[PDB]
Amino acid sequence: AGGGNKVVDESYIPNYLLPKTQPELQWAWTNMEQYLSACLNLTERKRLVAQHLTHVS
Amino acid sequence: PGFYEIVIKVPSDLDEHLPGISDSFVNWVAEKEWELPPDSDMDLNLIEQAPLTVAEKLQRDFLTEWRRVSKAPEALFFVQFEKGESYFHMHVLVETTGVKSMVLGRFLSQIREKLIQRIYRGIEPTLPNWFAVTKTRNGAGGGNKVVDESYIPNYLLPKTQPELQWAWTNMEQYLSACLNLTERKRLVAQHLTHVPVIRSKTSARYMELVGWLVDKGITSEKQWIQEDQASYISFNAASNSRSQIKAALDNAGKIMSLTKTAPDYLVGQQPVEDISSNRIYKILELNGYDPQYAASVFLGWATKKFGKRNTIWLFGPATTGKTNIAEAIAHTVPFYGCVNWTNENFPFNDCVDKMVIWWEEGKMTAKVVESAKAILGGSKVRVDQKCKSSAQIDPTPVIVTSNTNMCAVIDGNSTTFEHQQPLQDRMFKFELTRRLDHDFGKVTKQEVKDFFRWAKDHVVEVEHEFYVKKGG
DNA sequence: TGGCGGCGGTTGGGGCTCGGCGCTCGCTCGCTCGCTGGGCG
DNA sequence: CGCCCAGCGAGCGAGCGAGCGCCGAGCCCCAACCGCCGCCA
């Protein structure tokens with residue numbers, strides 16, 4: 001319990017939350033204009049994942 | 001002025017370290033915001049907020065309690081709030097003015113209790129040793145670590161923004177370096193550019209023992225027992241004390257190897273009150289030689305005053321007031337060596353690392369006549385050794401005590417006289433033909449010391465010549 | 001054209017060594033908690 | 001006159017050591033053997 005919290009940046013979303021497939025997802029709520037389209041749409045999630053992969057590269 | 005490095009762990013998790021803390025305390029700790037001074041290049045995003053206030057309150061209460069219990073409000077301190085790898089802490093520093101090392105433990109516990117009853121309000125932090133003081137050794141063995149002023153720029157200031165958060169100090173030399181990386185780096189660089197012995201209770205006594213040994217003239221274990229057996233035994237109880245004996249012996253030898261002059265150890269301290277009783281006086285008066293002039297010549301020869309003619313040669317058969325004095329001198333001086341006249345290849349084998357060169361019943365050899373003339377004429381020269389490397393032999397007063405004519409320099413299976421005048425123009429002839437009686441007794445070391453001392457109390461004009469004046 | 005005999009190096013192993021850490025004995029000293037004594041007078 | 005500070009003391013335990021003990025590696029000297037050489041037809 002004394003450990004530190006899991007602090008991350010925006011790169012953590014496309015690295016674990018978006019890569020998750022439908023069976024590992026049900027619903028989501030956000031407010032960012034870039035991530036709002038990737039709520040219940042898998043195509044937008046994959047597009048954002050690819051964009052993040054190309055950016056970090 | 002020393003300082004005490006106190007470690008005070010700042011509770012990071014108020015829920016785990018302070019279970020059951022009131023909500024008012026957390027609210028007041030979180031509502032207090034901080035802001036760096038205008039001239040502060042430190043980044044505020046990296047610095048925390050509630051931990052900063054907690055550390056500030058803790059160090060303020062600590063300083064207040066210290067000033068109240070020590071009665072020294074003008075005492076210097078130096079607090080530095082950092083962020084450990086797994087928990088927050090502070091490198092608090094307080095002077096030792098008005099607080100000895102045997103009372104710091106009670107004051108620390110009192111301050112901890114006061115902080116727990118005031119700040120935390122009874123709740124004691126559950127961190128492993130949240131309140132302690134730096135010790136010279138881990139555990140309950142080492143004592144309080146009394147650091148120095150050089151400890152601040154050697155561990156605290158080197159730390160930069162990542163590990164640094166805040167700091168409080170009243171010292172005028174560390175004011176701008178409280179919340180400024182540039183000033184801290186400048187001070188660290190200045191301290192590194194500025195920067196010898198060590199004072200300890202175990203080395204202070206050794207520094208005096210090594211000096212007393214050379215004063216008494218000890219160069220081995222037997223000489224130490226000769227003075228006091230109990231004293232020698234006391235300095236060799238444990239292995240650490242036994243190795244110390246060998247270390248001190250080696251150091252004393254290497255130092256005696258570099259004194260200044262041999263007479264420094266041969267010349268006595270107190271004057272002489274009865275020289276007639278000395279055996280040297282009778283030996284010199286029996287052979288027909290003025291004891292005063294002989295003593296002056298000996299003093300001038302031992303002090304390297306003549307230079308080229310700094311040599312004495314006692315002629316006449318063996319043991320005629322020649323061997324006794326030489327044996328006494330050899331027994332008095334620390335080290336000595338007999339010139340092996342038989343070994344013409346390396347006759348100075350026994351005279352290696354010796355202060356006096358004694359030639360007892362030995363003829364001159366042609367194999368080391370040229371090299372010997374240098375040392376006899378006041379000149380340095382590196383001669384070989386018997387199955388050993390060469391070694392420089394500084395101008396040392398040589399003493400010859402033979403019966404045959406030393407001018408007859410032997411060159412193997414023959415004899416020559418080419419080195420007659422060269423060797424005679426740098427030596428003193430002492431025609432000591434009178435033989436001592438059987439009940440004359442051997443000369444002691446105290447006798448030689450008294451003789452060398454009396455040689456100084458009555459100085460006479462010593463003439464540089466070959467034949468020494470006799471006693472008229 | 002031919003081989004049978006000893007001497008300086010090793011080189012790990014039993015041993016001394018200096019250190020660390022760990023523990024275990026003397027000293028201590030602001031604090032506490034009573035006991036009692038001119039003085040009220 | 002039966003309390004008054006209030007002055008005194010006697011520990012008094014949580015500290016402080018400091019001093020030793022017992023590993024812990026870490027050098028250090030020593031002995032049972034290898035390389036090379038002397039010794040004869």
# chains A, B, ... in the order shown; residues from 1 in each chain; ligands from 1
>>> residues_around(residues="residue B:213", least_positions_apart="3", cutoff="9 Å", atoms="only C-alpha atoms (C1' of nucleotides)", output="ChimeraX atom specification")
/B:208-210,216-219,224,248-249,252
>>> interface_residues(of="chain B", to="chain A", cutoff="10 Å", atoms="only C-alpha atoms", output="number ranges by chain")
B: 12-13, 15-17, 86-87
>>> select_by_dssp(residues="stretch 2-47 of chain A", states="helix (DSSP H, G or I)", output="MDAnalysis selection string")
chainID A and resid 10:17 22:24 33:36 42:47
>>> write_last_selection(atoms="N, CA, C and O atoms", output="PDB file, in the first residue's frame")
ATOM      1  N   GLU A  10      -0.167  10.993 -21.743  1.00  0.00           N
ATOM      2  CA  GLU A  10      -1.187  10.663 -22.731  1.00  0.00           C
ATOM      3  C   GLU A  10      -0.834   9.420 -23.537  1.00  0.00           C
ATOM      4  O   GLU A  10      -1.724   8.826 -24.155  1.00  0.00           O
ATOM      5  N   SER A  11       0.436   9.013 -23.546  1.00  0.00           N
ATOM      6  CA  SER A  11       0.848   7.839 -24.304  1.00  0.00           C
ATOM      7  C   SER A  11       0.362   6.534 -23.687  1.00  0.00           C
ATOM      8  O   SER A  11       0.468   5.488 -24.335  1.00  0.00           O
ATOM      9  N   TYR A  12      -0.167   6.568 -22.462  1.00  0.00           N
ATOM     10  CA  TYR A  12      -0.642   5.346 -21.823  1.00  0.00           C
ATOM     11  C   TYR A  12      -1.982   4.889 -22.383  1.00  0.00           C
ATOM     12  O   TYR A  12      -2.299   3.697 -22.322  1.00  0.00           O
ATOM     13  N   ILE A  13      -2.773   5.807 -22.929  1.00  0.00           N
ATOM     14  CA  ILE A  13      -4.086   5.473 -23.476  1.00  0.00           C
ATOM     15  C   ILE A  13      -3.902   4.545 -24.672  1.00  0.00           C
ATOM     16  O   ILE A  13      -4.350   3.390 -24.626  1.00  0.00           O
ATOM     17  N   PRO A  14      -3.244   4.983 -25.752  1.00  0.00           N
ATOM     18  CA  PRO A  14      -3.097   4.107 -26.926  1.00  0.00           C
ATOM     19  C   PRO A  14      -2.196   2.905 -26.698  1.00  0.00           C
ATOM     20  O   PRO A  14      -2.042   2.091 -27.616  1.00  0.00           O
ATOM     21  N   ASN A  15      -1.597   2.763 -25.516  1.00  0.00           N
ATOM     22  CA  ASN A  15      -0.703   1.652 -25.226  1.00  0.00           C
ATOM     23  C   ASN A  15      -1.373   0.526 -24.450  1.00  0.00           C
ATOM     24  O   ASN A  15      -0.785  -0.555 -24.332  1.00  0.00           O
ATOM     25  N   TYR A  16      -2.579   0.742 -23.922  1.00  0.00           N
ATOM     26  CA  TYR A  16      -3.245  -0.279 -23.124  1.00  0.00           C
ATOM     27  C   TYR A  16      -4.762  -0.190 -23.244  1.00  0.00           C
ATOM     28  O   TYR A  16      -5.442  -1.216 -23.346  1.00  0.00           O
ATOM     29  N   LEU A  17      -5.306   1.029 -23.232  1.00  0.00           N
ATOM     30  CA  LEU A  17      -6.756   1.192 -23.241  1.00  0.00           C
ATOM     31  C   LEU A  17      -7.334   0.986 -24.637  1.00  0.00           C
ATOM     32  O   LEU A  17      -8.319   0.259 -24.806  1.00  0.00           O
ATOM     33  N   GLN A  22     -12.786  -5.481 -28.540  1.00  0.00           N
ATOM     34  CA  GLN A  22     -14.180  -5.464 -28.098  1.00  0.00           C
ATOM     35  C   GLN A  22     -14.446  -6.350 -26.888  1.00  0.00           C
ATOM     36  O   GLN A  22     -15.013  -5.850 -25.902  1.00  0.00           O
ATOM     37  N   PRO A  23     -14.088  -7.638 -26.881  1.00  0.00           N
ATOM     38  CA  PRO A  23     -14.378  -8.460 -25.694  1.00  0.00           C
ATOM     39  C   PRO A  23     -13.791  -7.895 -24.412  1.00  0.00           C
ATOM     40  O   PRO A  23     -14.317  -8.172 -23.327  1.00  0.00           O
ATOM     41  N   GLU A  24     -12.716  -7.110 -24.504  1.00  0.00           N
ATOM     42  CA  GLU A  24     -12.118  -6.449 -23.351  1.00  0.00           C
ATOM     43  C   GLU A  24     -12.561  -4.993 -23.234  1.00  0.00           C
ATOM     44  O   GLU A  24     -11.832  -4.163 -22.678  1.00  0.00           O
ATOM     45  N   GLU A  33     -11.242  16.158 -27.950  1.00  0.00           N
ATOM     46  CA  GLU A  33     -11.728  16.115 -29.324  1.00  0.00           C
ATOM     47  C   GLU A  33     -11.050  15.010 -30.125  1.00  0.00           C
ATOM     48  O   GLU A  33     -11.651  14.460 -31.054  1.00  0.00           O
ATOM     49  N   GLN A  34      -9.805  14.673 -29.782  1.00  0.00           N
ATOM     50  CA  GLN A  34      -9.091  13.627 -30.506  1.00  0.00           C
ATOM     51  C   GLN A  34      -9.506  12.234 -30.053  1.00  0.00           C
ATOM     52  O   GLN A  34      -9.561  11.312 -30.874  1.00  0.00           O
ATOM     53  N   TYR A  35      -9.798  12.059 -28.764  1.00  0.00           N
ATOM     54  CA  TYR A  35     -10.190  10.765 -28.222  1.00  0.00           C
ATOM     55  C   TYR A  35     -11.699  10.578 -28.149  1.00  0.00           C
ATOM     56  O   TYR A  35     -12.153   9.463 -27.870  1.00  0.00           O
ATOM     57  N   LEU A  36     -12.483  11.631 -28.389  1.00  0.00           N
ATOM     58  CA  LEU A  36     -13.935  11.495 -28.330  1.00  0.00           C
ATOM     59  C   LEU A  36     -14.447  10.561 -29.422  1.00  0.00           C
ATOM     60  O   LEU A  36     -15.382   9.786 -29.194  1.00  0.00           O
ATOM     61  N   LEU A  42     -14.084   1.134 -32.949  1.00  0.00           N
ATOM     62  CA  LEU A  42     -12.801   0.444 -32.982  1.00  0.00           C
ATOM     63  C   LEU A  42     -11.891   0.985 -34.077  1.00  0.00           C
ATOM     64  O   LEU A  42     -10.666   0.995 -33.911  1.00  0.00           O
ATOM     65  N   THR A  43     -12.465   1.435 -35.196  1.00  0.00           N
ATOM     66  CA  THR A  43     -11.648   1.995 -36.267  1.00  0.00           C
ATOM     67  C   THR A  43     -10.915   3.246 -35.800  1.00  0.00           C
ATOM     68  O   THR A  43      -9.722   3.414 -36.073  1.00  0.00           O
ATOM     69  N   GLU A  44     -11.615   4.136 -35.092  1.00  0.00           N
ATOM     70  CA  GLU A  44     -10.967   5.337 -34.574  1.00  0.00           C
ATOM     71  C   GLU A  44      -9.899   4.984 -33.549  1.00  0.00           C
ATOM     72  O   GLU A  44      -8.842   5.623 -33.495  1.00  0.00           O
ATOM     73  N   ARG A  45     -10.154   3.965 -32.725  1.00  0.00           N
ATOM     74  CA  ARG A  45      -9.157   3.536 -31.749  1.00  0.00           C
ATOM     75  C   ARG A  45      -7.895   3.040 -32.446  1.00  0.00           C
ATOM     76  O   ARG A  45      -6.776   3.398 -32.061  1.00  0.00           O
ATOM     77  N   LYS A  46      -8.059   2.210 -33.480  1.00  0.00           N
ATOM     78  CA  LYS A  46      -6.901   1.716 -34.216  1.00  0.00           C
ATOM     79  C   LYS A  46      -6.171   2.854 -34.920  1.00  0.00           C
ATOM     80  O   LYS A  46      -4.935   2.866 -34.980  1.00  0.00           O
ATOM     81  N   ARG A  47      -6.919   3.820 -35.457  1.00  0.00           N
ATOM     82  CA  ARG A  47      -6.286   4.963 -36.108  1.00  0.00           C
ATOM     83  C   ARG A  47      -5.457   5.768 -35.115  1.00  0.00           C
ATOM     84  O   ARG A  47      -4.329   6.170 -35.420  1.00  0.00           O
TER      85      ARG A  47
END
>>> closest_atom_pairs(of="chain B", to="chain C", cutoff="8 Å", atoms="only C-alpha atoms (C1' of nucleotides)", output="Markdown table")
| residue | atom | partner | partner_atom | distance |
| --- | --- | --- | --- | --- |
| B:102 | CA | C:28 | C1' | 7.5 |
| B:103 | CA | C:29 | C1' | 8.0 |
| B:138 | CA | C:21 | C1' | 7.8 |
| B:139 | CA | C:22 | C1' | 7.8 |
| B:141 | CA | C:22 | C1' | 7.8 |
>>> interface_residues(of="chain D", to="chain B", cutoff="10 Å", atoms="only C-alpha atoms (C1' of nucleotides)", output="MDAnalysis selection string")
chainID D and resid 14:19
>>> residues_around(residues="residue D:36", least_positions_apart="3", cutoff="12 Å", atoms="only C-alpha atoms (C1' of nucleotides)", output="ChimeraX atom specification")
/C:6-9
>>> closest_residue(among="B:91, B:445, B:191, B:201", to="residue B:4", atoms="only C-alpha atoms")
B:91
>>> atom_distance(atom1="atom CA of residue B:183", atom2="atom CA of residue B:167")
13.2 Å
>>> residues_around(residues="stretch 9-11 of chain D", least_positions_apart="6", cutoff="10 Å", atoms="only C-alpha atoms (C1' of nucleotides)", output="ChimeraX atom specification")
/C:32-35
>>> write_last_selection(atoms="C-alpha atoms (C1' of nucleotides)", output="PDB file, in the first residue's frame")
ATOM      1  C1'  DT C  32      10.228  12.643  38.879  1.00  0.00           C
ATOM      2  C1'  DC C  33       8.367  11.950  43.329  1.00  0.00           C
ATOM      3  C1'  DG C  34       8.307  12.039  47.597  1.00  0.00           C
ATOM      4  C1'  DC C  35      10.201  13.858  52.890  1.00  0.00           C
TER       5       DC C  35
END
>>> atom_distance(atom1="atom CA of residue B:151", atom2="atom CA of residue B:97")
17.6 Å
>>> residues_around(residues="residue B:327", least_positions_apart="6", cutoff="10 Å", atoms="only C-alpha atoms (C1' of nucleotides)", output="ChimeraX atom specification")
/B:336,358,360,442-445
>>> atom_distance(atom1="atom CA of residue B:431", atom2="atom CA of residue B:402")
11.0 Å
>>> residues_around(residues="residue C:11", least_positions_apart="5", cutoff="12 Å", atoms="only C-alpha atoms (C1' of nucleotides)", output="ChimeraX atom specification")
/D:29-33
>>> residues_around(residues="residue B:383", least_positions_apart="6", cutoff="7 Å", atoms="only C-alpha atoms (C1' of nucleotides)", output="PyMOL selection string")
chain B and resi 371+390-392
>>> write_last_selection(atoms="N, CA and C atoms", output="PDB file, in the first residue's frame")
ATOM      1  N   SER B 371      87.550   4.626  -5.062  1.00  0.00           N
ATOM      2  CA  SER B 371      86.226   4.933  -4.531  1.00  0.00           C
ATOM      3  C   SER B 371      86.293   5.352  -3.068  1.00  0.00           C
ATOM      4  N   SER B 390      74.268  -1.198  -5.761  1.00  0.00           N
ATOM      5  CA  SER B 390      75.080  -0.139  -5.186  1.00  0.00           C
ATOM      6  C   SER B 390      74.233   0.746  -4.272  1.00  0.00           C
ATOM      7  N   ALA B 391      74.913   1.633  -3.549  1.00  0.00           N
ATOM      8  CA  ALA B 391      74.246   2.545  -2.633  1.00  0.00           C
ATOM      9  C   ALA B 391      75.176   3.712  -2.338  1.00  0.00           C
ATOM     10  N   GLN B 392      74.622   4.921  -2.361  1.00  0.00           N
ATOM     11  CA  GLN B 392      75.415   6.111  -2.092  1.00  0.00           C
ATOM     12  C   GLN B 392      75.883   6.122  -0.643  1.00  0.00           C
TER      13      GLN B 392
END
